[PDB]
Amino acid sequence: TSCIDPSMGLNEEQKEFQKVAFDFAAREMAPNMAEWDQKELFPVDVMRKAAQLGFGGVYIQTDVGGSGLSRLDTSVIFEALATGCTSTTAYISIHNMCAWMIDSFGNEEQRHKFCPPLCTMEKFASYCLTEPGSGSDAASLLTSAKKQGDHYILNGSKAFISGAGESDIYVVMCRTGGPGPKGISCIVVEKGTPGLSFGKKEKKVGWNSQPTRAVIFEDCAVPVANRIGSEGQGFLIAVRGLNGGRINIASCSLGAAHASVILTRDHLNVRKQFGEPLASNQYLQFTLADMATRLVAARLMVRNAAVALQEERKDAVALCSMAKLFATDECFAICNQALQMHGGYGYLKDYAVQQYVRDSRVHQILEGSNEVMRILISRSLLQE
């Protein structure tokens, strides 16, 4: 048994899920990763094939088209998919979170209207929280939703929205009441609604397979029936979405790191310099040992958090933050060391390691930056 075996500890059902996801990634994603990244293509066709396997609504209830899997099942799947394309898998995760928010907090009409098409990916979703003036301080958002009759009139702008322009469903966090978290509500806005526009496609370091652009609302009238949950429940929904988001983005980092470790091990054994394989150099052997050891530690952390969350444990929220902090930091380092191990080749787009580095790098900033993770964790520990 490999010392970095990703299947150890999983039950038979999960090992199957893992195999299916990995096979899909190797066949449909890995061969196209470089192209999607270079051309900044949103892989609609491949994502829809992924949805046919049940990855469009991984942890969404089956009555609305979901696969109804657990947090751990989901982590295992995203980790495997991330070895194919971390950027694309990360977007799939965001899409899933949007569907989960509607599925978990919406009424029956909302669930059967929005979730089915998201699960088949007939339609794609984007999560709209961040604004130019509200990033880490998410609860200070300014986008307003003024209630008038049977509609909410939205005014404001969201920033860095993944999938914007391509998505048909937008889960928007807006302010319906006073200042602070309590005045925020969650409202679904559909592509095509008058008053909804988009900014330019942003050029980024990575996560290129998913379009990034501002989402703008100018006196945008939206049906009150589109509000998910009651007024003032918006930040609660956002905070609960973050627990799973932290586990899942960390799972994407795990996949990139695992792929990087495998590529590195094979490269050291094959590439020769000074008449011997690079693997003959003790310094490189030790670096690889560190990479493998920390990968195993990161995997244990992410899966431990996933189990804690699905079991509804009181330490789950803190564990999700610790796992996200630890895994995104350690996994980026692993990918970056793997790049170093490839030498000049690691800097070329023809080699996957550099994209795992570029894509995993941003995970340290999203779903609550790692600085924010430390604020949350320390607060929790010092309060006890």
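Each residue number is its position in the shown sequence, starting from 1.
Trainee: May I ask you to compare 174 to 182 and 204 to 212 by their mean CA B factor in the entry and name the higher one?
Mentor: Higher mean C-alpha B-factor: 174 to 182.
Trainee: Higher average CA B factor in the deposited record is what I'm after, so tell me if that's 70 to 78 or 106 to 114.
Mentor: Higher mean C-alpha B-factor in the PDB entry: 106 to 114.
Trainee: Going by the deposited entry, which of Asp290, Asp137, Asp150, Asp266 has the highest CA temperature factor?
Mentor: Within the set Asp290, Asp137, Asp150, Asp266, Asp150 shows the top C-alpha B-factor.
Trainee: At the C-alpha atoms, which of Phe124, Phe217, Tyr91, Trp100 reaches the highest B-factor in this entry?
Mentor: Largest recorded C-alpha B-factor: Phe217.
Trainee: Where does the C-alpha B-factor of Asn243 rank in its chain, lowest, middle or highest third?
Mentor: For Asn243, the deposited C-alpha B-factor lands in the middle third.
Trainee: Would you mind ranking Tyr59 by its C-alpha B-factor against the rest of the chain and naming the third, lowest, middle or highest?
Mentor: It belongs to the middle third of the chain when residues are ordered by C-alpha B-factor.
Trainee: Rank-wise, by C-alpha B-factor, drop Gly163 into the lowest, middle or highest third of its chain.
Mentor: CA B-factor rank for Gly163: middle third.
Trainee: Split into thirds by Cα B-factor across the chain's modelled residues, where does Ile4 land: lowest, middle or highest?
Mentor: As the PDB entry reports it, the C-alpha B-factor of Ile4 lands in the middle third of its chain.
Trainee: Splitting the chain's C-alpha B-factors into thirds, which one does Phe42 fall into?
Mentor: Highest third of the chain for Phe42's C-alpha B-factor.
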